[PDB]
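J.: Below are the structure tokens for one structure; questions will follow.
Neighbour counts run over all protein chains shown; Cβ positions are idealised from the backbone, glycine included. Each answer follows from the model by the rule given with it, or from the source it names; no laboratory read-out is quoted.
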Amino acid sequence: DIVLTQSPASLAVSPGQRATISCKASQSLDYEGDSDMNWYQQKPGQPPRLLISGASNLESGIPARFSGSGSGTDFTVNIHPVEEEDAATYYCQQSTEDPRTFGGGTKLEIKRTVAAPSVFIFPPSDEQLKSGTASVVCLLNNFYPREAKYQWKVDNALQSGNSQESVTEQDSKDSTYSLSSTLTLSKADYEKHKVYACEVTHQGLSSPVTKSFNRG
Amino acid sequence: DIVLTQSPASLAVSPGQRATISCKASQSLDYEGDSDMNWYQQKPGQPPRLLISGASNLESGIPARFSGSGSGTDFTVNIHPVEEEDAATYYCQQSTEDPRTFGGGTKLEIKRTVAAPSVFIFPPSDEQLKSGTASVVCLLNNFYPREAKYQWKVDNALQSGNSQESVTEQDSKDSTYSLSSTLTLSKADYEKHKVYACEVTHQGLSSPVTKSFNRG
Amino acid sequence: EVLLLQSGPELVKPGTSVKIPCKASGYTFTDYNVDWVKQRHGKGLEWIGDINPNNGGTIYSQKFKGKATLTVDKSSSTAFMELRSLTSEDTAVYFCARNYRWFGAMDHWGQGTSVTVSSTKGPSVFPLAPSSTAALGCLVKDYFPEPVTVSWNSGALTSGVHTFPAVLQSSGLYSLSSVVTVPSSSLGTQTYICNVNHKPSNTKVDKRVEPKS
Amino acid sequence: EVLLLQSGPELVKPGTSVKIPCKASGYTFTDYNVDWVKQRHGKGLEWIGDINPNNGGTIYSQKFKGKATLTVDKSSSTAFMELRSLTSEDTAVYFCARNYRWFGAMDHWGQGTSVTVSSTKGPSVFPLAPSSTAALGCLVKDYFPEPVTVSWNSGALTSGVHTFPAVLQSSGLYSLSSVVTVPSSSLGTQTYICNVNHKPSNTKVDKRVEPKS
């Protein structure tokens, strides 16, 4: 009765991240030059799939993102990179000694993809001031998920009803959105204030980001 | 320039209700034994459809639910009954004198169908008490819309976690739901209290209805 | 190519014996061992044992010696596992799998046969008598498994009838209620008998519903 | 059977003249008068007039004498209405309809031709210069109607580019912004010219975007 102890019990990882699971064995698995250590992915409601047989040998049709490892008592399956399709319980198993035993399994949770917005402020062009109207633009670029509270603040004063906003259709690949808010004023209402700014909040950001420019 | 004044300007009616619209005319429409009064239904984003030509004569393919009316200065289109398909602006129009003039139109809004629940309480059967367990059942029958807050109250005491509930699939025809909550207790926990009741709230009801029974 | 095929979900009574197939195809079959593995709901993988189809030789895990019996049919290219003295402890998905043998790796797995070992139970049927249109019904209670079908007056009565969806209780038994609204005048004449079919227990229960004295 | 067919939605400039067709079919045509009716957004029905296709005789409402001209083509079984000196006041769905004549009832109506009378305007194109990867863009502003298409460096540049959906302003004019993220190093070399097509005004506007002195 060889006890295989998987570590960790549960990990949450983002696609793009490298993840590693570990099987410790109560005794050595090394016999006749190989170690009889095998790893199984079980996706929910599906039978297990073998990935790695002999702590190294990748099974046919398993991506190279999955790798094998070592010998004695220390074994490690590595996912480099992790993909969304990788959400499953990973089981380690020995065939060194009867009875064939399985590790306790490791639950691999794919973390919800979070994309912080690239925030950019833009002052009105000279060519526009000459034409009599001022239009400041705040770009929230490639953010996920959709929910995002931004606000125009001119010389630390919350503006209202003087800005419209458009939003890009969610991107096919990375599911990211972009938002463009256009604060519009008169050349008068523009040469009146100094620091035109834009405070942005989103899960992705630690603290709200404020893009600002002077010489208003 | 004959002015036709429709009355009312907007009515909201439930399907099943009889509704009547009225065209008052600044002068008589009676000429050579008939009145040249015509009514049009215009559904949103569709051209008008003639229903009634000559304050009586139904147009081909218009349901009998629509009726004509009178003469002189007083005209009336009647919908008996009203159906959901009847949501439209009804226009009255004269051809007695050039220029052919239209009434101001009457906006007919079909009211959201609201069905109050028929509430029924049921005491446990003798055959069940003998078997050792008590099961009280509160039926909310044929209610619409789905949202409905009911509560078991035994001798004016809010019960909790001692009742499960099932809900019927929304009916094909009348869109009505039914709910059955089964408060389960021991024969002991049953012979302990007196008035087993059930307070039900729903849009349909003026005030919450409480079905109750004694001899617990 | 390589396909292992097992039976669908089995309901079975405590103290009986299920024989689970495994139809092997797209490979030699007689050249590879077939391992068996038990998995309980949201728990992990337990090895039962393996059989070499050539000689029919079998290795068992200790925990399963005397519970499981691994068999085969070379002629029909099909493995078999017979579980006996069935208890709730044996409710689990059971998997056959092809053994790579060099590393003793389960290389191709069967879809798995979910085996549930509990007693099938017909419903108790208590009436819901009215006391004042009025509503009456019967409450089907404590049944396993789904489904139960409910007619009224031998299917003669069909309007007003709301046979509700089933509700699983803590006990692990189901319970629905069938109710019908009827004219409060016909209470004094028309008899109301709800009929309760439960093909699982070959049960058919009739219950007259009659107002409380 | 009886079908009246009108043209689709017309955009037209103030001070010009639209001729609206009405293709009559499934009836005699030359036997029934064709009435015309104006409807503004979410407002009511205004009678313009009627033409007897036989003689081409026309009655007009006073409000439209000198605005509208009702015509016909017996040969082509088609009515016509020509509105002149077009002003915003003439933005409306226009309906042809068959006259029952005995009760002067519009018995079958045309789908209606929605006519909008405003001036089509090419966009002003102001640049969105960066100051520190950096983002730059141009803001298309004050255009009518949709659509405008925006390329970058004559379509050579395509990655990082977010041409946003259009936004209607109070003015009744549209305004979008097209932005592109680019390496902050290439600011000193690569030239960034956004190209703004607007097939409605046969406009194509190029604008270099260059960091603020």
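J.: Pull up segment C:13-33, narrow it to residues that are part of a strand (DSSP E or B) and within 18 Å of the chain's Cα centre (by Cα), then point me to the one that is surrounded by the fewest Cβ atoms within 10 Å (Cβ to Cβ). Before the answer, list the steps.
T.: Here is the first cut: in segment C:13-33, the residues part of a strand (DSSP E or B) are C:18-25.
Restricting the remaining residues to those that are within 18 Å of the chain's Cα centre (by Cα) gives C:18-21.
Details: C:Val18: 18, C:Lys19: 12, C:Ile20: 22, C:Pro21: 17.
Top of the filtered list is C:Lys19.
J.: I'm checking my understanding of the structure. Among residues of segment C:174-204 that are outside any strand (DSSP E or B) and β-branched (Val, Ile, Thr), which one is nearest to the chain's Cα centre (by Cα)?
T.: C:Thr191
Table: residues versus (1) under 29 Å from D:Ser88 (Cα atoms); (2) within 10 Å of chain A (Cβ to nearest Cβ); (3) among the hydrophobic types (A, V, I, L, M, F, W, C).
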{"site": "D:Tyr143", "(1), (2), (3)": "yes, no, no"}
{"site": "D:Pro147", "(1), (2), (3)": "yes, no, no"}
{"site": "D:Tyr192", "(1), (2), (3)": "no, no, no"}
{"site": "D:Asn202", "(1), (2), (3)": "yes, no, no"}
{"site": "D:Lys207", "(1), (2), (3)": "no, yes, no"}
{"site": "D:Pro211", "(1), (2), (3)": "no, no, no"}
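J.: Which one is nearest to C:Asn99 (Cα to Cα) among residues in segment C:1-29 that are among the β-branched types (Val, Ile, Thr) and in contact with a strand residue (DSSP E or B) (Cβ under 9 Å, 6 or more places away or on another chain)?
T.: C:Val2
J.: Of the numbered conditions (1) over 17 Å from C:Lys23 (Cβ atoms); (2) part of a strand (DSSP E or B); (3) not polar (S, T, N, Q), C:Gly104 fails exactly one; give the number of that condition.
T.: Every condition holds for C:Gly104 apart from (2).
J.: Here's another thing I want to ask about it. Could you tell me which numbered condition B:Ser35 fails, if it satisfies all but one of (1) more than 23 Å from D:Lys38 (Cα to Cα); (2) in contact with a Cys (Cβ under 9 Å, 6 or more places away or on another chain)?
T.: Among (1) more than 23 Å from D:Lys38 (Cα to Cα); (2) in contact with a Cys (Cβ under 9 Å, 6 or more places away or on another chain), the lone unmet condition for B:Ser35 is (2).
J.: Looking only at segment D:161-213, count how many residues are among the charged types (D, E, K, R) and either over 17 Å from D:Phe126 (Cα atoms) or in contact with a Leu (Cβ under 8 Å, 6 or more places away or on another chain) (or both).
T.: Qualifying residue count for the region: 1.
J.: Right, next: From the list C:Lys74, C:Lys63, C:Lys38, which one is out of contact with any strand residue (DSSP E or B) (no Cβ under 9 Å at 6 or more places or on another chain), of a type in the set (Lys, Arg) and either in the same structural domain as C:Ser25 (by TED's automatic domain parsing) or surrounded by fewer than 20 Cβ atoms within 10 Å (Cβ to Cβ) (or both)?
T.: C:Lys74
J.: On to the next question. Name the residues in segment B:99-118 that are under 23 Å from B:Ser206 (Cα atoms) and surrounded by fewer than 22 Cβ atoms within 10 Å (Cβ to Cβ), would you?
T.: Listed by number, the residues that qualify are B:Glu109, B:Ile110, B:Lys111, B:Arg112, B:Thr113, B:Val114, B:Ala115, B:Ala116, B:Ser118.
J.: Can you tell me which residues in segment B:53-66 are crowded, with 18+ Cβ neighbours inside 10 Å and within 26 Å of the chain's Cα centre (by Cα)?
T.: The answer is B:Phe66, and nothing else.
J.: Restricting to segment D:2-12, what's the tally of residues that are of a type in the set (A, V, I, L, M, F, W, C) and either within 16 Å of D:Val37 (Cα to Cα) or in a loop (DSSP other than H, G, I, E, B) (or both)? Outline the logic, then answer.
T.: The initial filter retains those residues of segment D:2-12 that are of a type in the set (A, V, I, L, M, F, W, C), namely D:2-5, D:11-12.
The next check asks that each one be either within 16 Å of D:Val37 (Cα to Cα) or in a loop (DSSP other than H, G, I, E, B) (or both); those that pass are D:2, D:4-5.
Residues meeting the conditions: 3.
J.: Suppose we keep only residues that are closer than 19 Å to D:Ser178 by Cα and among the small types (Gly, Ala, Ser) within segment A:143-174. Which one would you say is surrounded by the fewest Cβ atoms within 10 Å (Cβ to Cβ)?
T.: A:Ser172
J.: Looking only at segment D:155-173, count how many residues are under 18 Å from the mean Cα position of the chain (by Cα) and at the interface with another protein chain (Cβ under 8 Å from one of its Cβ atoms).
T.: 3
J.: Going through segment A:72-109 one residue at a time, which ones are assigned to a loop (DSSP other than H, G, I, E, B) and more than 13 Å from chain C (Cβ to nearest Cβ)?
T.: A:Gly72, A:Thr73, A:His80, A:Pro81, A:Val82, A:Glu83, A:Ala87
J.: Got a sec? Which strands (runs of 3 or more DSSP E) wholly within segment D:34-94 have at least 1 residues that are within 25 Å of the chain's Cα centre (by Cα) and of a type outside the set (A, V, I, L, M)?
T.: So the answer is D:34-39, D:45-52, D:68-73, D:78-83.
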